[PDB]
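**Q** opening with a subset of the complex:
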Amino acid sequence: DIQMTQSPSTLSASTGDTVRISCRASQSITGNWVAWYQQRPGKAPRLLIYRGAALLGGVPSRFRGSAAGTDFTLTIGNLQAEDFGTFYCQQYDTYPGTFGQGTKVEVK
Amino acid sequence: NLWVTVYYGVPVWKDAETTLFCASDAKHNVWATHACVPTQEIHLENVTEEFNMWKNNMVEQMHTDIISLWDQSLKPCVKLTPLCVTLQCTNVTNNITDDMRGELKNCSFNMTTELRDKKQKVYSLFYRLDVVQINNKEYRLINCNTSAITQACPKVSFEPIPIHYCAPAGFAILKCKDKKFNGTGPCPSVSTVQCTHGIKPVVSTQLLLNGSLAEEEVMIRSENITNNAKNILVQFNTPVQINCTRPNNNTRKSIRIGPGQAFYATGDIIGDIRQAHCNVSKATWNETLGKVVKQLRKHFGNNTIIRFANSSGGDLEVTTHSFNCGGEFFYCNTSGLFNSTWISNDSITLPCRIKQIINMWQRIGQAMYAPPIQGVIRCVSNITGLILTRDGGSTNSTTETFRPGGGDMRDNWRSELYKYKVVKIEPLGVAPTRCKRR
Amino acid sequence: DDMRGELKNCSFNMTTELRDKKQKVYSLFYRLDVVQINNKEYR
Amino acid sequence: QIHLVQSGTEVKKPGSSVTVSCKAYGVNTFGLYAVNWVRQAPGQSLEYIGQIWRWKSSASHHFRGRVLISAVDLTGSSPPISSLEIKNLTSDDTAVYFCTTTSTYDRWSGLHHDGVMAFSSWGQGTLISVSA
Amino acid sequence: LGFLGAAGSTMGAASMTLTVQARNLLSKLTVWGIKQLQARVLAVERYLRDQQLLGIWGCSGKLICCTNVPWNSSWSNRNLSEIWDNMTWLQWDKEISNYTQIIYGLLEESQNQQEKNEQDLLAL
């Protein structure tokens, strides 16, 4: 049972900035078994990044992910108007899987 | 307090592809038997493997190899290029009975000789499907305005020889030993081998002849069961024999058309003119269809009516059962077998026609001309499978009609390579160990 | 005015898919591809 | 592509059972795939309920002996169906349930780690609100 | 057991039959001739590309040869009991699949420094 902590809780940015979201686990996941999901408010969730630093077919190259010991970070550059939603960091190393806490990105 | 140790020879394999070579044990043949090398199975435990027979690479490689082997024996012998002349064909009658008049014609035509400025008026016997009329009536060959006719080579044989596509060193072949395997999914009984068993390259549509049998029950295989455009493969558990024969003598006559160029045609028939026919047992076919429909009712429901009808229409090599017996290509109507309706000592005789101009592998531009065979032709064969299809209904009834189909030669070879997989061995490994150098 | 005698309308016999039949067809050629033999005859 | 539909909004009384279905379109066989069922409480985080892999259905350590997952293979006149039954529900089960699939064909795909895996395709989610 | 017979055992139980898989890695212009020639060329190249990597690190003729590099704790924090008795070879290569290049790089310069340190030993 690994508890995930996401940072920050609620932040705001503008069109053209870079949003950095961090995720800290309990133990040391040395195998990079982490994933970053995006869920719009009201719509269905969407998997963005699997295995920490690998993209999916249909995801643009502006997103980036990095892993270092416990700290898994996600950088979103060239921010648009359609990337406002909730972001989740979820591990699948040990049974069972546990999600993060939620991080909403507003516009201001 | 930990160090790195390199291990060589770990049992780790990846998924890849390579090239396979023939291996057989040993008048020539079409497929090169004397060019192959002269010809163990280790069971594995605590390992699973996900097999998929519809995404294999061995079927396309085998198809390309059979196509490349078919076009290597037709080259160095004689081609029949000056045969496109104006024929004069009449009917033939020599104590001939009913339902045969109209299938054979006696043709006469001019032909060049070994001298350039001379001619020779010769005659032969042709079939109905080999000549067409143009507007005594004049006739011509059917494959003349679209393809070039070359003769089949008289020193080769079309007998199928079992070969072994065998992998070199560095790769491995895995095989699923499940008795109720359906070609898709995980297999808990995987064993490694060197290479496969004897596969006979039998070219036939709608009837898997001289194939491999099942173990427990009749197997049904399909890719997309919710689509009406995918074929359905049926694998029996018992063989149903069938005896095909041709009562004609079919004497041969050699005509020299030039310098070192010979042409073998049909001469005169000594005897009666009867139909070539295949006899199949009637008592075994009913229980064969019952064992087929007992496994086929599991995919549609226990309240389904199963109708068995014949083919609708299309090409002659699709609707009719096309095969090769004794060196001669037979096309059987086979409409009397698939005629039934299943609700929830006699023998059937099927007449077959003979064609001499064969267009193989669905090609447009490369024809052939088989030579006549002297004597009486009689062969026996097994029936170890079926290729069926269904039509699109109005999704409201419980009646399903199944019709035989084919034409694509990949389905005839996918039923034998549905359990084998090719893997690539990687023997390097890195392990932690409390040890130091020197 | 600069392409008065460049193109040539030619007619010739040619064999067909039947060995004992001929055909009379036409073509349009250039003056650099045909030479005269001493309308006129060209090759 | 691969499209999944689910049931509608069903309102149930405490004490009875409920059954949520999930129909798939595009998958080949459940032996090459794995069907995971999670949920999401309104105003809270997600929660993993159960999964079916290699024809072996299982649940978590908190929903043991309470839920039941079932699945069938292809049918010539029916889509692939995955059902989940909840018996003896409490007053704290109002959530948006989902239905996810994950392809477990390749061993070196990196999307699965010895039974537990990620979610590549999501559904629409059914709202279940229980009240007295 | 045979060829690939210990594929389902643990890492400690499969490290004793390494000589079985180490000996089965080497052994008119028709259609079946060029395929056999390309197969022999591919087998020779696949043997040489592994023998060169075995000869760079200094393990010419040894299978359980020892190195001098230390094991970093960021690669795998497991002990000797959860590796040689629980995990297999099909999972251990996928566990550290992102850290093989730095290990292959560290196995070269240490062997080079060990070979260049031997030159200052016999010069006394």
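**A** Nice, thanks for sending it over. Numbering: from 1, shown residues only, chains lettered A, B, ... in the order given.

**Q** residues in contact with residue 8?
**A** In the absence of a named chain, this looks at chain A. Neighbouring residues of residue A:8 by C-beta atoms under 8 Å, 6 or more residues apart in numbering or on different chains: A:21, A:103. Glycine gets a C-beta too; all of them are placed from N, C-alpha and C.

**Q** chain E is the one I meant
**A** Residue E:8 neighbours (C-beta under 8 Å, 6+ apart): B:44, B:45, B:46, B:47, E:88.

**Q** now flag whichever of those residues is closest to chain C.
**A** residue B:44 (61.5 Å; C-beta to the nearest C-beta).

**Q** that closest one and chain A, how far apart?
**A** Distance of residue B:44 to chain A, computed by C-beta to the nearest C-beta, to the nearest Å: 26 Å.

**Q** distance check, residue E:37 against residue B:173.
**A** 21 Å (C-beta to C-beta, to the nearest Å).

**Q** which residue is nearest the middle of the chain?
**A** Let's take chain A. residue A:36 (3.8 Å; C-alpha atoms, centre = their mean).

**Q** ah, I was thinking of chain E
**A** Most central in chain E (C-alpha atoms, centre = their mean) works out to residue E:54, at 7.0 Å.

**Q** so it: helix, strand or coil?
**A** helix (DSSP: H, G, I helix; E, B strand; the rest coil).

**Q** one more: residue E:51?
**A** Residue E:51 ends up helix, using three-state DSSP.

**Q** how about the residues of chain D that lie near chain A?
**A** D:45-48, D:60-61, D:98, D:110-113, D:115-120, D:122-125 (C-beta under 8 Å from any C-beta of the partner chain).

**Q** buried subset of the residues you listed?
**A** With neighbours counted by 16 or more other C-beta atoms under 10 Å in any protein chain shown, the residues of chain D next to chain A contain buried members at D:45-48, D:60, D:98, D:110-113, D:116-120, D:122-123, D:125.

**Q** near chain E too, which of the residues you listed?
**A** Near chain E, by the rule C-beta under 8 Å from any C-beta, you find residue D:110 out of these.

**Q** mind checking which of the buried ones among the residues of chain D next to chain A are in strands?
**A** D:46, D:47, D:48, D:112, D:113, D:116, D:117 (DSSP state E).

**Q** contacting residues for the fourth one?
**A** In this case it means residue D:112. Each residue near residue D:112 by C-beta under 8 Å, 6+ apart is listed here: A:92, D:34, D:102, D:104, D:118.

**Q** and if you look at the second one?
**A** Going by C-beta under 8 Å, 6+ apart, residue D:47 touches A:99, D:38, D:39, D:40, D:41.

**Q** now, among the residues you listed, which is nearest to chain C?
**A** Nearest to chain C among the contacts of residue D:47: residue D:38, at 70.5 Å, using C-beta to the nearest C-beta.

**Q** what's the burial count for residue 15?
**A** Looking at chain A here, since you left the chain open. 10 (other C-beta atoms under 10 Å in any protein chain shown).

**Q** meant chain D actually
**A** 10.

**Q** pretty sure it sits against residue D:90.
**A** No - using C-beta atoms under 8 Å, residue D:15 is not in contact with residue D:90; the gap is 10.0 Å.

**Q** need the overlap of contacts for these two.
**A** Common contacts of residue D:15 and residue D:90 (C-beta under 8 Å, 6+ apart): none found.

**Q** could I get the contacting residues of residue 30?
**A** Looking at chain A here, since you left the chain open. Contacts of residue A:30 (C-beta under 8 Å, 6+ apart): A:69, E:74, E:75, E:76, E:77.

**Q** that's the wrong chain, I wanted chain E
**A** For residue E:30, the contact set (C-beta under 8 Å, 6+ apart) comprises B:32, B:35, B:72.

**Q** swap the cut-off to 7 Å and go again
**A** Counting by C-beta atoms under 7 Å, 6 or more residues apart in numbering or on different chains, residue E:30 touches B:32, B:35.

**Q** put chain F on too:
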Amino acid sequence: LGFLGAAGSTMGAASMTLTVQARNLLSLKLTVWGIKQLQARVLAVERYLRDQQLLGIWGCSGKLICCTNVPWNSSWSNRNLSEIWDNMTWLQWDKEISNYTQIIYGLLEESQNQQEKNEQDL
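**A** Take a look at chain F, now in place beside the chains above:
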């Protein structure tokens, strides 16, 4: 530095990056481009096995810097240990020992020979 990056340096600075050049000497129809790839692969096998066979008869198989018990003659070079490794390079040292290369290649063959099992076998 890279592949052939120390070609302009001296012999003392280019003898430390031998691992760069020690890993770049090794790596379907009958058309005009299908036979050239097979020819290049066969030539790459031939130009590696011939160079590896010479190190096997000298007892230096698997070693980049290997030295034996062959005494260096004073008639091959009359230089010191400071005017060779610090002044001359590898492109100039090969031109001076071109007339004495086969003598060293023949003396290196018997060395790994006069060091074989004798009667100790009985």
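
**Q** could you re-examine the contacts of residue A:8 with chain F now present?
**A** residue A:103.

**Q** with adjacent residues omitted, what lies nearest to residue E:7?
**A** residue B:11 (4.0 Å; C-beta to C-beta, 6 or more residues apart in numbering or on different chains).

**Q** kindly provide the distance from the residue nearest to the spatial centre of chain D to residue F:17.
**A** In chain D, the C-alpha nearest the mean C-alpha coordinate belongs to residue D:37, at 2.7 Å (C-alpha atoms, centre = their mean). From residue D:37 across to residue F:17, the span is 58 Å (C-beta to C-beta).

**Q** what's the answer for residue D:130, then?
**A** 73 Å.

**Q** more neighbours: these two, which one.
**A** residue D:130 (20 against 16).

**Q** which residue lies closest in space to that one, excluding its sequence neighbours?
**A** Nearest residue to residue D:130, sequence neighbours excluded (C-beta to C-beta, 6+ apart): residue D:93, at 5.3 Å.

**Q** and that neighbour, helix, strand or coil?
**A** coil.

**Q** that one touches residue D:127, doesn't it?
**A** No - using C-beta atoms under 7 Å, residue D:93 is not in contact with residue D:127, being 11.3 Å away.

**Q** neighbour-wise, which of those two wins?
**A** Comparing residue D:93 with residue D:127 by other C-beta under 10 Å, the one with more neighbours is residue D:93, at 16 against 13.

**Q** okay, residue E:12 and residue E:96: tell me how far apart.
**A** In terms of C-beta to C-beta, residue E:12 sits 17 Å off from residue E:96.

**Q** any chance you could map the helices in chain D?
**A** Along chain D, counting by DSSP state H, no stretch forms helices.

**Q** and it, which residues reach chain E?
**A** Neighbours of chain E within chain D, by C-beta under 7 Å from any C-beta of the partner chain: residue D:108.

**Q** for chain D, just list every one of the strands.
**A** D:3-6, D:10-12, D:17-25, D:33-40, D:46-53, D:56-59, D:67-71, D:81-87, D:95-97, D:100-103, D:112-113, D:116-117, D:126-130.

**Q** mind listing what's buried in the fourth one?
**A** Judged by neighbour count (16+ other C-beta under 10 Å), strand D:33-40 contains these buried residues: D:33, D:34, D:35, D:36, D:37, D:38, D:39, D:40.

**Q** so what's the residue lying farthest from the centre of chain E closest to, chain neighbours aside?
**A** Within chain E, residue E:28 marks the point farthest from the mean C-alpha position, 38.8 Å out by C-alpha atoms, centre = their mean. Residue nearest to residue E:28 in three dimensions, not counting chain neighbours: residue B:35, with 7.6 Å by C-beta to C-beta, 6+ apart.

**Q** cool, and residue B:427?
**A** If the residues on either side of it in the chain are set aside, residue B:427 comes closest to residue B:9, at 4.8 Å by C-beta to C-beta, 6+ apart.

**Q** can I take it that the one you found is in a strand?
**A** Yes - counting by three-state DSSP, residue B:9 falls inside a strand.

**Q** stretch A:67-75 and chain D, any residue contact?
**A** No - counting by C-beta under 7 Å from any C-beta, chain D has no neighbours in stretch A:67-75; the shortest distance is 13.3 Å.

**Q** can you tell me what sits against that stretch?
**A** So stretch A:67-75 is contacted by A:18, A:20-25, A:28, A:32, A:34, A:36, A:49, A:52-53, A:64-66, A:89, E:74 (C-beta under 7 Å, 6+ apart).

**Q** only C-alpha atoms, please: export that stretch in CSV.
**A** This file holds the C-alpha atoms of stretch A:67-75, laid out as CSV (Å, rounded to 0.1, in the frame of the first residue of the first chain):
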residue,chain,number,x,y,z
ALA,A,67,11.3,10.2,-12.8
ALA,A,68,14.0,10.4,-10.1
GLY,A,69,13.7,8.0,-7.2
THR,A,70,10.6,9.0,-5.4
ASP,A,71,9.9,12.2,-7.3
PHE,A,72,7.9,11.9,-10.5
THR,A,73,7.4,15.2,-12.3
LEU,A,74,5.3,16.3,-15.3
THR,A,75,5.9,19.4,-17.3
